[PDB]
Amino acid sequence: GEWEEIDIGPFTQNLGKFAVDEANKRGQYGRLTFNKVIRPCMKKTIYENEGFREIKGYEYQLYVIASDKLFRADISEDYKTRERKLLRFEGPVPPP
């Protein structure tokens, strides 16, 4: 399986902040205030399909508490540029 649990240290918390910033732009929940990312944070690596199967990027699934509510965010991150995209941000979700 290509998903693996990663740490919820500062880089992951900053991913959650990105997710909340992007969720605020989408506005589905109105303005939210990032609180923290909780376990589990899952990452999967996306590879090119052919050639050297270079890593194309990553996808993360995060559980982020924002405005005291728990959301699940899916975030892509390009390997070469570090460009992140919020793919999904939903909740309030059950605690994982």
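Don't overthink the numbering: it's just position in the shown sequence, from 1.
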Tell me which of 51-59 and 65-73 has the higher mean C-alpha B-factor in the deposited entry. 51-59
Can you tell me whether 42-50 has a higher mean C-alpha B factor than 29-37 in this record, or the other way round? 42-50
Relative to the other modelled residues in the chain, which third contains the C-alpha temperature factor of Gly1: lowest, middle or highest? highest
Taking the chain's C-alpha temperature factors as the reference, tell me which third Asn14 falls into: lowest, middle or highest. middle
